Amino acid sequence: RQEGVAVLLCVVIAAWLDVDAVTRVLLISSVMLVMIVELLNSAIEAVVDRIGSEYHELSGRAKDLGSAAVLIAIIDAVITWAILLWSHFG
Amino acid sequence: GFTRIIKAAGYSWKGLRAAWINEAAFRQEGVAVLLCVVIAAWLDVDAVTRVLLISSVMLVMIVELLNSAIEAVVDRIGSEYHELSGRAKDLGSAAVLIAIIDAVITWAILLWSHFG
Amino acid sequence: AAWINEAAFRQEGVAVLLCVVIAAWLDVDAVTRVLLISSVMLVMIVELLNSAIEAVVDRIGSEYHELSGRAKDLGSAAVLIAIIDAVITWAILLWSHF
Ligand SMILES: CCCCCCCC/C=C\CCCCCC(=O)OC[C@H](O)CO
Ligand SMILES: CCCCCCCC/C=C\CCCCCC(=O)OC[C@H](O)CO
């Protein structure tokens with residue numbers, strides 16, 4: 001459950017930085033989206049494990065698609081922070 | 001290509017219709033989202049601010065719908081109590097509350113900055 | 001990643017990819033650029049979650065159940081709202097750009 005640490009740290013950094021309201025909303029939203037997509041991904045895999053523990057083509061497919069989503073949200077969070085911090089310190 | 005969109009649009013309308021017919025809470029939420037999109041559309045704000053007010057509430061809807069999809073799968077498997085059944089719905093509901101709080105705060109921060 | 005080799009995801013993925021490349025090249029401010037990019041990436045995220053759910057449903061069986069269709073429809077509706085949000089975002093932001 002160390003994932004909440006990452007989120008708190010981001011909010012602390014965002015508050016610590018001297019940025020406008022819009023920038024701060026984007027920095028924190030992007031982190032919040034990651035959290036949302038991870039929880040939705042964990043729900044899906046909970047359902048997969050509820051159906052059965054044995055392997056199946058569609059169970060793996062479900063988990064692979066869920067994980068890819070989390071990855072996309074993570075990439076989007078990193079791009080956001082990079083772009084905004086580059087602009088703030090430009 | 002064109003046939004794939006028409007079919008998916010049909011499924012999408014059945015989905016909005018079912019969620020709407022089935023629950024008062026969903027209807028009232030959809031009311032709240034449409035009021036926010038309208039208010040954001042008429043506010044004298046910059047374009048980026050306008051987008052954030054709209055996106056934050058639309059995200060509420062997206063997560064609401066995705067979570068209702070998972071609830072339907074869990075209820076599809078069985079209405080009987082199960083640990084992963086309860087857990088799936090718990091993680092799903094958390095995701096909905098996060099998005100809703102994030103929208104409320106976003107609206108509070110931006111409208112406070114716009115007004116005074 | 002056997003799913004990225006399908007025509008459905010490829011057509012949706014390549015569209016999102018182009019929008020991110022266009023956004024990367026546009027002459028706009030930073031917060032505008034972040035918004036253009038993250039809105040089309042949200043389409044991709046939701047579209048992946050929707051296929052995950054569809055996969056779980058098909059996992060259960062080929063027999064039809066009302067909640068099976070409902071799960072798939074609600075997933076499709078989520079994708080639709082995400083797409084609308086992306087179109088709205090690009091419209092509002094690039095209308096001003098002119
Ligand atoms: C495959 C992933 C990427 C590779 C791993 C990371 C490598 C980072 C190394 C050097 C930093 C170069 C300069 C970075 C700063 C930079 O680009 O500043 C311009 C402004 O961003 C324009 O606004
Ligand atoms: C996946 C490959 C990663 C490869 C590593 C680099 C990733 C840099 C992040 C975003 C690029 C967006 C476009 C960059 C230029 C850009 O946005 O400049 C204006 C800014 O707003 C600063 O003022």
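Whatever order the structure lists them in is the order used to number ligands and atoms, beginning at 1. Residue numbers begin at 1 in each chain, while the letters A, B, ... track the order of the sequences.
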Got the closest protein heavy atom to atom 23 (O) of ligand 1, with its distance? A:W86 CB, 4.5 Å

More than 12 heavy atoms of other residues, nucleotides or ligands under 6.0 Å from CZ of B:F26: is that the case? yes

Nearest non-hydrogen protein atom to atom 18 (O) of ligand 2, with distance, is C:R33 NE, 4.0 Å

Flag for A:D20-A:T23: side-chain donor and acceptor within less than 3.5 Å: yes

Decide if atom CZ of B:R4 counts as having more than 12 heavy atoms of other residues, nucleotides or ligands within a radius under 6.0 Å. no

Under 4.0 Å between a side-chain nitrogen and a carboxylate oxygen: does that hold for A:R50 and B:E80? yes

For atom 15 (C) of ligand 2, state whether the nearest protein heavy atom is under 4.0 Å away. no

Hey, are C:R33 and C:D27 close enough for a salt bridge, meaning a charged N less than 4.0 Å from a carboxylate O? no

With a 4.0 Å cut-off on N to O distance, would you call C:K72 and C:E66 a salt bridge? no

Identify the protein heavy atom lying closest to atom 13 (C) of ligand 2, giving its residue, its atom name and the separation to 0.1 Å. C:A24 CB, 3.9 Å

How close does the nearest protein non-hydrogen atom get to atom 20 (C) of ligand 2, and which residue and atom is it? A:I83 CG2, 4.0 Å

Residue, atom and distance of the protein heavy atom nearest atom 10 (C) of ligand 2 read A:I79 CG2, 3.6 Å

Quick look: C:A30 vs ligand 2, heavy-atom contacts under 4.0 Å, and the answer is both

Under 4.0 Å from atom 2 (C) of ligand 2, is there at least one protein heavy atom? no

